[PDB]
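K.L.:
This is the structure I have questions about; it appears just below.
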Amino acid sequence: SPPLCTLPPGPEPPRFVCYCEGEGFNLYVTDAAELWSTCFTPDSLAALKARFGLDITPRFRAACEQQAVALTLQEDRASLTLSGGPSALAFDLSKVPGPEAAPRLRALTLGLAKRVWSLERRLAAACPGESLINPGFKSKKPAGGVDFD
Amino acid sequence: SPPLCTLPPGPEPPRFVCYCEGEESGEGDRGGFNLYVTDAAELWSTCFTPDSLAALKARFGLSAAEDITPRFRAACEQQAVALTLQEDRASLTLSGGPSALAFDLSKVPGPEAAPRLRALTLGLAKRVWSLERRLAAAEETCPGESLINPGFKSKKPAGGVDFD
Amino acid sequence: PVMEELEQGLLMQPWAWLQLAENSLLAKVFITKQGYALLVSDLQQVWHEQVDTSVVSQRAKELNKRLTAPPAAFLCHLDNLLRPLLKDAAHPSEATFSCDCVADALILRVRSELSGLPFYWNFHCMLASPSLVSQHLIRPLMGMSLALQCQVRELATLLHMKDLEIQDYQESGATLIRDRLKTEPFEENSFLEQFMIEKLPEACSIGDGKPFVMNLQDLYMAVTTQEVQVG
């Protein structure tokens, strides 16, 4: 159950959708046309964890369920604020190239469709040739001699 | 929650998704019935016209006022959808109803399909969120025998004197 | 071609029960923007009608004057009025129905309120031709009977296999625990003899045709579709 959230989630149609995957895990936020990813790396991830004293996945899921995620966009930069723990955590993202992202949107759409189908289904129910005389010896055809073609 | 289904059926990863739009209920804006089917890379739409709608309805023994959405939803539930892809055309066969239905689809222009794809993605995300919230909320949160004394007939209540 | 599509649609449609002021009928209606086709019966006679846009417009103008509607809109409204009644009965209709059996013809009058205003229509159904009557009632019924006989034979074979399995269980050194759950051997002749004298009198009563529509419509539709596909 990969956590995800939408903004706005109220009666107004959502504009942006945020999620996480592959815990090179990077938070992906998309407007269905453009994307923003953290592009985390093991060294950068370790440095961030040390700075914040650190898994973020449980906190991210708790915020998404409680809709405690704050978005900000400015040109190609995006800022996320996550709340629910002792101290809110801030993350930055840059506009990932479109050519590299197109497979990402395709995979996200396919996974969303699969999840929709699965969750709807779940909610609905709620030795020829062996010689007979000598076993173990293959039967042998009688000698036909010379049969001209 | 417009009816939709993904193909091919089974545990294999999805490779095609089809859904229907139009015929909105109520007195508000109403659009003609249409089918949108995408592989997440290319989109096909019916591009129907009122004459086309009438011809399609009459071809399969369906009345003009008949609604096709219930049949589409029932077929999607039964996973009775088959697809045949040509170079630039697609044929969809539906067997969810008593009589098989055939639909023809053509590739949507890319410039017009891209906004359609974005809207479809946003709608799918919204439906995923709504259904996940709903699931989280719902899944967890002898005649004339006295009954008192068998073997003795139930005596009638004492009435007394009842003048005729 | 439009008439051909109307005929095919009428053939595809299943029978429905209609409750008039006093009597009852079995009806099949197929309405398209080009006209409509109707077939009514009462288990004694069959009447059929088929009209095109021009006839529909003329009849609408002559019956309910002061109404200026194209034939397509009138046909759509007629469908909206009729289809809910045929699909289900004993529900809010507000659409009076009456029948007049004139010499060698039938007139079915339907009255309704269209957005709070009168809306009248009349079906002038003449006696149905033997070919159409046969194709719509006789051959499908024979096919349904043959299919049901095949189903009965299959169920009898399944019962025989189950009896053989029970015999094997009994002969394999077994001892039934619950004596009440003891099914006697199944004999086709004995079962038929019991049925024909116990349940046939009550199971063969068509009445007004309600059981036919309530029970044997899916089989009827399947048989009609198979016949259409064959030819």
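Numbering starts at 1 and runs along the chain as it is shown here.
Using N, Cα and C of the backbone, Cβ positions are placed for all residues, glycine too.
The following feature annotations were taken from Swiss-Prot:
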| type | residues | note |
| --- | --- | --- |
| COILED | C:130-172 | coiled coil |
| MOD_RES | C:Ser134 | phosphoserine |
| MOD_RES | C:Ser205 | phosphoserine |
| REGION | C:3-137 | region 'Globular head' |
| SITE | C:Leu117 | site 'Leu-lock' |
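In terms of burial and nearby residues, how do these features look in this structure?
P.N.:
Proximity of distant same-chain residues to the coiled coil (C:130-172), defined by a Cβ-Cβ separation under 8 Å and at least 6 residues beyond the stretch ends, is recorded for 11, 28, 39, 41, 46, 48, 183, 185-186, 188, 216, 219-220, 223-224, 226-227.
Sequence-distant contacts (6 or more apart, same chain, Cβ under 8 Å) of C:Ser134 (phosphoserine) do not exist in this structure.
DSSP assigns C:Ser205 (phosphoserine) to coil in the three-state reduction, placing it in neither a helix nor a strand.
DSSP gives C:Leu117 (site 'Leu-lock') a strand state. The C-beta environment of C:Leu117 (site 'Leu-lock'), restricted to residues of the same chain at least 6 apart in sequence and closer than 8 Å, is empty.
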K.L.:
Tell me, how many other CB atoms lie within 10 A of the CB of C:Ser205 (phosphoserine), whichever protein chain they belong to?
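P.N.:
By my count, 8.
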